[PDB]
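Presented below is the structure to which this report refers.
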Amino acid sequence: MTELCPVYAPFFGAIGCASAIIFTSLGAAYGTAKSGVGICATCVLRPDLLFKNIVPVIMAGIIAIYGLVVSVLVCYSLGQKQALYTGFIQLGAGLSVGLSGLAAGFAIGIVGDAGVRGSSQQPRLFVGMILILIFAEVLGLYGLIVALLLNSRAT
Amino acid sequence: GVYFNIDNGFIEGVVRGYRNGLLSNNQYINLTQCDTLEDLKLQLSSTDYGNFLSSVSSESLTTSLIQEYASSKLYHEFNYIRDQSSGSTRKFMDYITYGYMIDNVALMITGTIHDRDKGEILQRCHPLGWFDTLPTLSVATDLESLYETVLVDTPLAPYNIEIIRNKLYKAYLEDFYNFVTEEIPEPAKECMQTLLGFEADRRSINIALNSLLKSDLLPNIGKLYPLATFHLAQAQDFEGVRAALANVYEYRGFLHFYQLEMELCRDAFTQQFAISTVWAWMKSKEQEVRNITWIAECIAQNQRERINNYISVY
Amino acid sequence: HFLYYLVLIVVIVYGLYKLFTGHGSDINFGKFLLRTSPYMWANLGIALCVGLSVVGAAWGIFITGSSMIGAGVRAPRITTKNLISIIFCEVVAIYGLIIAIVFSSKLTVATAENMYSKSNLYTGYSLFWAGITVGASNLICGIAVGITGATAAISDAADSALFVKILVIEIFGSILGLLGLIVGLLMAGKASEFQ
Amino acid sequence: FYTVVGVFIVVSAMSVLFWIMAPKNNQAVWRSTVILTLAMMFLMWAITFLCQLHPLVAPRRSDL
Amino acid sequence: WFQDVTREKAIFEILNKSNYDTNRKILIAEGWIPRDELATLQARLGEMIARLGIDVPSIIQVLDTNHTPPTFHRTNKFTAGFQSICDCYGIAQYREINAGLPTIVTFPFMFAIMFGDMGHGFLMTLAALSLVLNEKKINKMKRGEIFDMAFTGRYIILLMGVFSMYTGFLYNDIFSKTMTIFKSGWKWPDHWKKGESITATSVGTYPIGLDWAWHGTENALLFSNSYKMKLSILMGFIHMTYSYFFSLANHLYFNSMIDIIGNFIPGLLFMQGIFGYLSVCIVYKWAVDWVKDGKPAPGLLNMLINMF
Amino acid sequence: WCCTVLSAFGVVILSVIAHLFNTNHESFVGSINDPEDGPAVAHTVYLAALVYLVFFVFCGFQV
Amino acid sequence: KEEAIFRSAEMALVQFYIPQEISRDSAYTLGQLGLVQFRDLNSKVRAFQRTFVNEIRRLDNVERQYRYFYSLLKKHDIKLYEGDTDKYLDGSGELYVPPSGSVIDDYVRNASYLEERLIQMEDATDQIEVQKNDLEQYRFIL
């Protein structure tokens, strides 16, 4: 349309909504797949730890929930005639919870796979596992904080 | 070394935690003063063995029993690490066991060619190299028959009894030499070329030492491949191999193989983003399960003169 | 790998096509940097600030965390004594978070006129490269503190002979991250908001 | 601001009074916990009151 | 007849840690007792002497040593779940300031800052209250893996959900919405059209907590984030200096005046100046009306980065 | 048990929502995305409140 | 009794002149209290010369075969009713728990007898389970 609001301006917004959930779901997938292969190899012989050792896939799933919130929040601010200012803050919120939630979902996958294979040879590692795991989780929450803060400047 | 800890982080952290269970040179001085096997059991439980003989009795505690409970405790740790590895490391730990099953098909043939029992002979066989066809070894005593019949389905398939042993073992160690230079990264390149070469060295020296043509049964991957292979091929006496072994600066004066191995193994732990650690732990813990056995043989019968022949660099 | 040498032939052919036909001044990176929106550069510098900071912070965390969980199978006291190695991997993400909060405050809507002016292009380039400076310096310091805190985990297996020296080089990686922080705070120090 | 100081006086007075009339059975966990709870509660209340004492941001909405 | 064999072996193992004399058949085993428990040992020794006709001296006499005695903290059922999570980081020094006595209030409250909801704090009071109400009949049960952990910290979950019910009342937060229970300090204007931006005017301050006039507004994050982020700085600096003062509380008990002037006071001046100076300027900017004075409202973040 | 406690919470949470629509509360029907005619959306969760009271008293007989 | 919640407790290094006539019996009346953390007075002595180790090895060889008895209680699946009268006797509050006399030397010559008979009983009932599984598979083809 005009100079402030062109027609390619909701491409950034649409890409951002897609990016927020595809990159967090790729990181939460890698976290689930390495933790689930650590669980389904762990509890072959130690089946009574099946509810303690599942916290890496719950915690990797919280990255997916964080990604989902950003996508819903910036799809509420999408529109045909939107300014290009709000297009790039929806793309900044997109790839700031995106490429941070995939790296945080990767690090939950490697730490959670090392943890659930380690907190069964010695159960004293279960407190040390999750405190490392929280650190690899809130890096996705730090990505989420930027997105919320940056989506707070739309219109 | 920023990509190593993805698949091999928990692996190296636990293998480097197993080398602190390698009981040190002070841990043998208090362990060579027992004179009964019960007392040795009593103060072997303070180590990172950690009361592994808690189920056996004390009246019937054989010398072999400690040799096989400490090796079972070794081997459950090995295939605990082995089934947690990725496609660049699960293969490497399988290639460790491939040199074990060559010593198992070398012993099953020389045990089944003579009048012996399958069960009794099978007990002595090393259990890291164990494929499902290995308990047979009795279809034929012919070397040609074994390859088609029984070794065709094994991973020994791309590779008289000692003649086909070195025929398998040289092609194995060549295939294991050009695997560790292909898919294994830089801090274990220089390790798995030099440590592996040493294994080609002290096997090729034992070729000429046990032979007193020979150029096809000798492995050529080490420092003796270009020069010392031709000099060691035409050596018929002990002085011919003694003159041929003087050309290398790292092997002169040796013709002491495990002491040079353990000193070459203590520098292998000096790297700390490499997968040569699991070979250094395997050969170190297999060393200290025959050090404990060498002490327990000097304790079971009273041989106090030749005890201090255990060798620990760690 | 072949597509690198196929898009390099296209760049050579299209360069010599514009150059030989007198129209080599059509491939101008200046007019690209001057018709492009500054909110692109400013928010692809904020989102890639906290992005590459978290990517390096997590890269450090799964190196030294998966090392000291493996090292804690025998010595479990390391995970509550060598958790200082995963503090400084995560303060990397804090340093990419502070930059995001500070940078955001310079991110206001501009008018139709006074949009592609000198100061708006300045603060677009400034928040772009400063968010790359603190995002990729924190990516490298997170990787560095991870790979030197993972050697703190397999050396705390040994009792006390090395941790007092290892810590010094643990915090030398923190100082580099801090120095990267105070460069991005001076690159965008004189950058104004969008006016 | 003096309705933060005026509540700080009656919080401080109550805390001081408790310090001398704390139960003798478990003294170092009764007075310390009560004073700590009072101080934390006061700190949150005075922060969430002073942020709204003279605010620079007025609430803005369209749908009403 | 397994219990009195494991208990019978324990005595022998304890006995090994002793010394014997060739001349006199004695057995010395020096151990650590709390000094306020030397009354019980005399009575126990006397009772054993009465029930053993050897008329032994049994002289358990106390000597002074140079070694390091252990740290015995005496916790009942309320402060044992807070002492347990503060010494999984480390057993303290002998007669140091215990960290698990401030952790009773600091740890739930810190969680409460971050959780902060009356609905979610009410579901966590009812989750811990049920355990606290009948603790006698949970004291013997099957004692599962995530049920002993949820039961040994039943007071560290109850005091979480009560602090998070007070915090969710200061955040003006039931499950996702606000409590409209005091008169608001924000008065919306008289008349407006359906679909126009409306800016409220401050007519007062809300007595306890955030205004409920900040619910649904477009800049509800531009106030809450600034308030929470300055609350995070203020409540972290106060927890850093209340914890830091413990160092002076036990460099003055151990009679070490070198460590006070060498570590505490140089660190107190530096910490208070660099971050205390920051912390007193949140409160000073919160106590200055920057719209009736005609002065520009400063920026603390900008001010901090040009002190250095 | 799961449906007893779920309906015990259901009755209390849903009814106070029905009272915060029947009284035309500012936090529920004060937007432009509001459910209009608050006393008509209120009977949806009066009937939803008492159908949880049905699940509560029906599952309260197996206790 | 001053509480030890702000700082730690004031610890007193007591040492015990225990004679050799009640060394085994007086150790219970302070083991029942649960007050004294002992120190390693023998940390330089070789670990097999602590002058009670022949009296720990002989009830480790009794606890070695109690966990063999419990393995038989998991193979043949007996519910193991586990009467908790020992917890009712020693209430872990006061030193009223009496010691045991030469009943421990009856638990040695009792526990050993069970191991020998059980080992023979298990070997015999598993040797006829070998020819049971040998004949049950021969009746499959035939």
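How things are named: the first chain in the structure tokens is A, the next is B, and so on; residues count from 1 in each chain; ligands count from 1 in the order shown.
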Task: Within 10 Å of chain F: residues of chain D, using only C-alpha atoms, as a ChimeraX atom specification - done: /D:61-64
With C-alpha atoms retained, export the selected residues as a PDB file, in the first residue's frame.
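part.pdb, written as the output of this step:
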```pdb
ATOM      1  CA  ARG D  61      -6.324   0.403  25.960  1.00  0.00           C
ATOM      2  CA  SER D  62      -8.735   0.595  23.036  1.00  0.00           C
ATOM      3  CA  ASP D  63     -11.396  -2.012  23.874  1.00  0.00           C
ATOM      4  CA  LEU D  64     -13.738  -0.742  26.588  1.00  0.00           C
TER       5      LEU D  64
END
```
TODO: Provide as JSON, numbers by chain the residues of chain E at most 8 Å from chain F, counting only C-alpha atoms.
DONE: {"E": [177, 178, 215]}
Open item on the list: Can you tell me which residues surround residue 35 in chain B at a distance of at most 8 Å, considering only C-alpha atoms, apart from same-chain residues fewer than 2 positions away, and format the answer as a PyMOL selection string?
Closed with: chain B and resi 32-33+37+39-40+299-300+302
Open item on the list: Near chain E, meaning an atom within 9 Å, which residues of chain A appear when counting only C-alpha atoms? Write them as a ChimeraX atom specification.
Closed with: /A:48-49,51-52,127,148-149,152-153,155
Task: Exercise: residue 124 in chain A partners within 10 Å, only C-alpha atoms, chain neighbours under 6 positions left out, as an NGL selection string - done: (:A and (118)) or (:C and (72-73 or 75-77 or 79))
Would you export the selected residues with C-alpha atoms as an mmCIF file, in the first residue's frame, please?
```cif
data_model
loop_
_atom_site.group_PDB
_atom_site.id
_atom_site.type_symbol
_atom_site.label_atom_id
_atom_site.label_comp_id
_atom_site.auth_asym_id
_atom_site.auth_seq_id
_atom_site.Cartn_x
_atom_site.Cartn_y
_atom_site.Cartn_z
ATOM 1 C CA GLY A 118 24.071 -41.034 34.810
ATOM 2 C CA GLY C 72 29.820 -37.373 38.603
ATOM 3 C CA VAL C 73 28.967 -41.051 38.191
ATOM 4 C CA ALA C 75 32.472 -38.597 42.255
ATOM 5 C CA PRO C 76 28.965 -37.129 42.701
ATOM 6 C CA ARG C 77 30.165 -34.122 44.731
ATOM 7 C CA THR C 79 28.066 -31.397 40.317
#
```
- [ ] Could you pull out the residues in chain C that DSSP calls helix (DSSP H, G or I) from the backbone, as a PyMOL selection string?
- [x] chain C and resi 7-20+24-26+29-35+38-46+49-70+76-78+87-104+118-149+163-187
Residues of chain E near chain G: apply a cut-off of 6 Å, count only C-alpha atoms, and supply the list as a short mmCIF file (atom, residue, chain, number, x, y, z; two decimals) with N, CA and C atoms, in the first residue's frame.
```
data_model
loop_
_atom_site.label_atom_id
_atom_site.label_comp_id
_atom_site.auth_asym_id
_atom_site.auth_seq_id
_atom_site.Cartn_x
_atom_site.Cartn_y
_atom_site.Cartn_z
N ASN E 16 36.75 -50.88 65.88
CA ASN E 16 38.04 -50.82 65.16
C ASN E 16 38.71 -49.45 65.23
N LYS E 17 37.93 -48.37 65.19
CA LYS E 17 38.46 -47.01 65.30
C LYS E 17 38.77 -46.70 66.76
N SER E 18 39.83 -47.33 67.27
CA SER E 18 40.21 -47.20 68.67
C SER E 18 41.68 -47.54 68.81
N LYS E 25 44.49 -53.11 80.10
CA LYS E 25 43.48 -53.54 79.13
C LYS E 25 42.39 -52.48 79.02
N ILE E 26 42.73 -51.40 78.33
CA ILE E 26 41.80 -50.30 78.10
C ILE E 26 41.53 -50.20 76.60
N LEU E 27 40.61 -49.32 76.24
CA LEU E 27 40.20 -49.16 74.85
C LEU E 27 39.73 -47.71 74.73
N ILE E 28 40.58 -46.84 74.17
CA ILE E 28 40.25 -45.42 74.01
C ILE E 28 39.71 -45.17 72.61
N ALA E 29 38.57 -44.48 72.54
CA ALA E 29 37.89 -44.18 71.28
C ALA E 29 37.38 -42.75 71.33
N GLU E 30 38.20 -41.80 70.93
CA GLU E 30 37.83 -40.40 71.07
C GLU E 30 36.86 -39.97 69.97
N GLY E 31 35.73 -39.41 70.39
CA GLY E 31 34.64 -39.09 69.49
C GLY E 31 34.04 -37.73 69.80
N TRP E 32 33.07 -37.34 68.98
CA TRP E 32 32.50 -36.00 69.02
C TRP E 32 31.10 -36.01 69.60
N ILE E 33 30.94 -35.43 70.78
CA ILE E 33 29.62 -35.23 71.36
C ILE E 33 29.30 -33.74 71.45
N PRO E 34 28.05 -33.31 71.28
CA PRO E 34 27.72 -31.91 71.59
C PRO E 34 27.88 -31.64 73.08
N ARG E 35 28.34 -30.44 73.40
CA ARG E 35 28.69 -30.13 74.79
C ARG E 35 27.46 -30.02 75.68
N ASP E 36 26.31 -29.63 75.12
CA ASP E 36 25.06 -29.64 75.88
C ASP E 36 24.44 -31.03 76.00
N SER E 58 34.87 -46.03 84.10
CA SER E 58 34.12 -45.58 82.91
C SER E 58 34.32 -44.09 82.65
N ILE E 59 35.56 -43.63 82.79
CA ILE E 59 35.85 -42.21 82.80
C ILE E 59 35.84 -41.68 81.37
N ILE E 60 34.67 -41.22 80.93
CA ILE E 60 34.55 -40.54 79.64
C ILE E 60 34.91 -39.09 79.92
N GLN E 61 36.19 -38.77 79.83
CA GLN E 61 36.66 -37.44 80.18
C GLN E 61 36.97 -36.66 78.91
N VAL E 62 36.61 -35.38 78.91
CA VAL E 62 36.69 -34.54 77.73
C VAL E 62 38.01 -33.78 77.72
N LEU E 63 38.68 -33.79 76.58
CA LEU E 63 39.91 -33.05 76.36
C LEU E 63 39.71 -32.05 75.23
N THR E 71 29.60 -30.33 62.21
CA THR E 71 28.54 -29.33 62.32
C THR E 71 27.23 -30.04 62.58
N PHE E 72 26.78 -30.03 63.82
CA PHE E 72 25.48 -30.56 64.17
C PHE E 72 24.48 -29.42 64.23
N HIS E 73 23.51 -29.44 63.33
CA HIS E 73 22.38 -28.53 63.38
C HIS E 73 21.18 -29.28 63.93
N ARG E 74 20.44 -28.64 64.81
CA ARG E 74 19.38 -29.30 65.55
C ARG E 74 18.05 -28.81 64.99
N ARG E 95 30.56 -24.19 63.53
CA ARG E 95 30.07 -23.00 64.22
C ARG E 95 30.18 -21.78 63.30
N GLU E 96 29.74 -21.98 62.07
CA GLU E 96 29.55 -20.95 61.06
C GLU E 96 28.11 -20.48 61.16
N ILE E 97 27.80 -19.36 60.51
CA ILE E 97 26.40 -18.97 60.38
C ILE E 97 25.71 -20.00 59.50
N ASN E 98 24.71 -20.69 60.05
CA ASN E 98 23.94 -21.64 59.26
C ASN E 98 23.15 -20.89 58.20
#
```
TODO: Identify every residue of chain C that has at least one atom within 8 Å of any atom of chain A, counting only C-alpha atoms, and report the result as a ChimeraX atom specification.
DONE: /C:39-40,43-44,46-48,50-52,54-55,57-59,61-62,65-66,69-70,72-74,76,79-80,86,90,93,97,100-101,104,108-109,112
Hey, could you make a per-residue contact list for chain C against chain E with 12 Å as the cut-off, showing the nearest pair of atoms and its distance in Å to one decimal, counting only C-alpha atoms, sorted by chain and number, as CSV?
```
residue,atom,partner,partner_atom,distance
C:76,CA,E:88,CA,11.1
C:77,CA,E:89,CA,8.8
C:78,CA,E:89,CA,10.3
C:79,CA,E:89,CA,9.3
C:80,CA,E:89,CA,5.6
C:81,CA,E:89,CA,7.5
C:82,CA,E:89,CA,10.7
C:83,CA,E:89,CA,10.0
C:98,CA,E:301,CA,9.8
C:99,CA,E:301,CA,10.9
C:101,CA,E:301,CA,9.8
C:102,CA,E:301,CA,7.6
C:103,CA,E:301,CA,11.2
C:104,CA,E:222,CA,11.7
C:105,CA,E:301,CA,10.4
C:106,CA,E:302,CA,11.6
C:181,CA,E:305,CA,11.1
C:182,CA,E:305,CA,8.8
C:183,CA,E:305,CA,11.5
C:184,CA,E:305,CA,11.7
C:185,CA,E:305,CA,8.0
C:186,CA,E:305,CA,9.3
C:188,CA,E:302,CA,11.6
C:189,CA,E:302,CA,9.2
C:190,CA,E:302,CA,11.3
```
Just write the chosen residues, C-alpha atoms, as a PDB file, in the first residue's frame.
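To be explicit, this is the file written out as again27.pdb:
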```
ATOM      1  CA  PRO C  76      28.965 -37.129  42.701  1.00  0.00           C
ATOM      2  CA  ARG C  77      30.165 -34.122  44.731  1.00  0.00           C
ATOM      3  CA  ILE C  78      31.508 -32.448  41.579  1.00  0.00           C
ATOM      4  CA  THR C  79      28.066 -31.397  40.317  1.00  0.00           C
ATOM      5  CA  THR C  80      27.541 -29.193  43.397  1.00  0.00           C
ATOM      6  CA  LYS C  81      31.124 -27.897  43.473  1.00  0.00           C
ATOM      7  CA  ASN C  82      31.822 -27.461  39.758  1.00  0.00           C
ATOM      8  CA  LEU C  83      28.536 -25.727  39.075  1.00  0.00           C
ATOM      9  CA  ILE C  98      20.986  -7.137  29.034  1.00  0.00           C
ATOM     10  CA  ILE C  99      21.948  -5.970  25.529  1.00  0.00           C
ATOM     11  CA  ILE C 101      16.770  -4.847  27.090  1.00  0.00           C
ATOM     12  CA  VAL C 102      19.080  -1.855  26.489  1.00  0.00           C
ATOM     13  CA  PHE C 103      18.794  -2.130  22.701  1.00  0.00           C
ATOM     14  CA  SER C 104      14.989  -2.418  22.770  1.00  0.00           C
ATOM     15  CA  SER C 105      14.705   0.977  24.484  1.00  0.00           C
ATOM     16  CA  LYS C 106      16.289   2.473  21.317  1.00  0.00           C
ATOM     17  CA  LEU C 181      29.630  -6.589  26.528  1.00  0.00           C
ATOM     18  CA  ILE C 182      31.286  -3.212  27.028  1.00  0.00           C
ATOM     19  CA  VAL C 183      32.057  -2.940  23.318  1.00  0.00           C
ATOM     20  CA  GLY C 184      28.449  -3.422  22.254  1.00  0.00           C
ATOM     21  CA  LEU C 185      27.517  -0.888  24.926  1.00  0.00           C
ATOM     22  CA  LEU C 186      29.872   1.607  23.229  1.00  0.00           C
ATOM     23  CA  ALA C 188      25.486   1.643  20.363  1.00  0.00           C
ATOM     24  CA  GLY C 189      26.509   4.174  22.977  1.00  0.00           C
ATOM     25  CA  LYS C 190      25.959   7.149  20.701  1.00  0.00           C
TER      26      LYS C 190
END
```
Open item on the list: Give me, as a PyMOL selection string, the residues of chain B touching chain C, with the criterion being at most 12 Å (counting only C-alpha atoms).
Closed with: chain B and resi 1-21+47-50+81+269-273
Write out the residues from the selection above, keeping N, CA, C and O atoms, as a short mmCIF file (atom, residue, chain, number, x, y, z; two decimals), in the first residue's frame.
```cif
data_model
loop_
_atom_site.label_atom_id
_atom_site.label_comp_id
_atom_site.auth_asym_id
_atom_site.auth_seq_id
_atom_site.Cartn_x
_atom_site.Cartn_y
_atom_site.Cartn_z
N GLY B 1 37.78 -29.48 19.24
CA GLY B 1 37.10 -30.46 20.07
C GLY B 1 35.81 -29.94 20.69
O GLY B 1 35.52 -30.21 21.85
N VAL B 2 35.03 -29.20 19.90
CA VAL B 2 33.76 -28.66 20.37
C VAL B 2 32.59 -29.56 20.03
O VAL B 2 31.49 -29.35 20.56
N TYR B 3 32.78 -30.54 19.16
CA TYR B 3 31.73 -31.47 18.77
C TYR B 3 31.86 -32.82 19.46
O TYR B 3 31.05 -33.71 19.21
N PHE B 4 32.89 -33.01 20.29
CA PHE B 4 33.13 -34.33 20.86
C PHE B 4 32.11 -34.66 21.93
O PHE B 4 31.63 -35.80 22.00
N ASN B 5 31.75 -33.69 22.76
CA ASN B 5 30.89 -33.94 23.92
C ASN B 5 29.42 -34.10 23.58
O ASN B 5 28.61 -34.24 24.50
N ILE B 6 29.05 -34.09 22.30
CA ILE B 6 27.67 -34.32 21.91
C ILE B 6 27.30 -35.78 22.15
O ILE B 6 26.40 -36.09 22.94
N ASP B 7 27.99 -36.68 21.47
CA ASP B 7 27.75 -38.11 21.61
C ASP B 7 28.71 -38.78 22.58
O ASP B 7 28.40 -39.87 23.07
N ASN B 8 29.85 -38.16 22.87
CA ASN B 8 30.90 -38.80 23.64
C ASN B 8 31.24 -38.02 24.91
O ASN B 8 32.33 -38.21 25.47
N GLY B 9 30.35 -37.16 25.38
CA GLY B 9 30.58 -36.38 26.58
C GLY B 9 30.40 -37.16 27.86
O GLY B 9 31.29 -37.19 28.72
N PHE B 10 29.25 -37.82 27.98
CA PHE B 10 29.03 -38.73 29.09
C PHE B 10 29.96 -39.92 29.00
O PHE B 10 30.44 -40.40 30.03
N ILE B 11 30.33 -40.29 27.77
CA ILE B 11 31.22 -41.42 27.53
C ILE B 11 32.61 -41.11 28.06
O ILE B 11 33.17 -41.89 28.83
N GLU B 12 33.18 -39.97 27.67
CA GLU B 12 34.53 -39.68 28.11
C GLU B 12 34.54 -39.31 29.58
O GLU B 12 35.53 -39.59 30.27
N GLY B 13 33.47 -38.68 30.08
CA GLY B 13 33.45 -38.32 31.48
C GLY B 13 33.41 -39.54 32.38
O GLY B 13 34.13 -39.59 33.38
N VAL B 14 32.78 -40.61 31.92
CA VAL B 14 32.76 -41.80 32.75
C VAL B 14 34.02 -42.65 32.52
O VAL B 14 34.50 -43.29 33.45
N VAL B 15 34.61 -42.64 31.31
CA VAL B 15 35.85 -43.38 31.10
C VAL B 15 37.00 -42.73 31.87
O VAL B 15 37.78 -43.42 32.55
N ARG B 16 37.08 -41.40 31.82
CA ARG B 16 38.01 -40.66 32.65
C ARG B 16 37.68 -40.78 34.13
O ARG B 16 38.57 -40.61 34.97
N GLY B 17 36.45 -41.13 34.48
CA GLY B 17 36.22 -41.53 35.85
C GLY B 17 36.55 -42.96 36.16
O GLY B 17 36.66 -43.31 37.34
N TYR B 18 36.74 -43.81 35.15
CA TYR B 18 37.20 -45.16 35.43
C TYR B 18 38.70 -45.24 35.59
O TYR B 18 39.19 -46.16 36.25
N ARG B 19 39.46 -44.31 35.01
CA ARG B 19 40.90 -44.37 35.17
C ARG B 19 41.36 -43.87 36.52
O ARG B 19 42.53 -44.05 36.87
N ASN B 20 40.48 -43.23 37.28
CA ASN B 20 40.75 -42.95 38.68
C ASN B 20 40.44 -44.14 39.56
O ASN B 20 40.80 -44.14 40.74
N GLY B 21 39.78 -45.15 39.01
CA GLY B 21 39.65 -46.43 39.67
C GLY B 21 40.80 -47.36 39.42
O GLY B 21 40.88 -48.42 40.05
N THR B 47 39.06 -49.90 47.45
CA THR B 47 39.33 -49.27 46.16
C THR B 47 38.02 -49.03 45.41
O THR B 47 36.92 -49.25 45.92
N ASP B 48 38.13 -48.59 44.15
CA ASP B 48 36.93 -48.39 43.35
C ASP B 48 36.42 -49.67 42.72
O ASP B 48 35.47 -49.61 41.94
N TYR B 49 37.04 -50.81 43.02
CA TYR B 49 36.35 -52.08 42.84
C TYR B 49 35.09 -52.13 43.68
O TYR B 49 34.02 -52.49 43.19
N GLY B 50 35.21 -51.78 44.95
CA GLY B 50 34.07 -51.51 45.79
C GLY B 50 33.24 -52.72 46.14
O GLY B 50 32.04 -52.76 45.83
N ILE B 81 29.77 -49.06 28.26
CA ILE B 81 30.11 -47.87 27.50
C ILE B 81 29.81 -48.10 26.03
O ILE B 81 29.44 -47.17 25.30
N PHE B 269 46.14 -40.58 28.16
CA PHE B 269 45.19 -39.84 28.99
C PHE B 269 45.51 -38.35 29.07
O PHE B 269 44.69 -37.59 29.59
N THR B 270 46.68 -37.93 28.58
CA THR B 270 47.03 -36.51 28.60
C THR B 270 46.20 -35.71 27.61
O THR B 270 46.10 -34.49 27.76
N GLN B 271 45.64 -36.35 26.59
CA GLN B 271 44.62 -35.72 25.76
C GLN B 271 43.27 -35.87 26.44
O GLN B 271 43.00 -36.88 27.10
N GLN B 272 42.41 -34.86 26.29
CA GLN B 272 41.12 -34.95 26.97
C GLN B 272 39.93 -34.50 26.12
O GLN B 272 38.89 -34.12 26.68
N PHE B 273 40.03 -34.58 24.81
CA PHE B 273 38.84 -34.57 23.96
C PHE B 273 38.98 -35.64 22.88
O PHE B 273 38.53 -35.47 21.75
#
```
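Those residues of chain B that fall within 8 Å of chain G when using only C-alpha atoms read residues 30, 39, 42, 43, 54, 55, 57 and 58 of chain B.
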Print the selection's residues with C-alpha atoms to a file, as a compact mmCIF listing (two decimals), in the first residue's frame.
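Dumped everything to again_19.txt:
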```
# COMPACT_ATOMS: atom_id res chain seq x y z
CA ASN B 30 49.49 -52.06 50.85
CA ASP B 39 42.89 -60.09 53.59
CA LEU B 42 39.26 -57.05 52.66
CA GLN B 43 41.46 -54.23 51.38
CA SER B 54 30.52 -59.43 48.38
CA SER B 55 28.68 -62.54 47.16
CA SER B 57 32.41 -67.03 50.32
CA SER B 58 35.74 -66.61 52.07
```
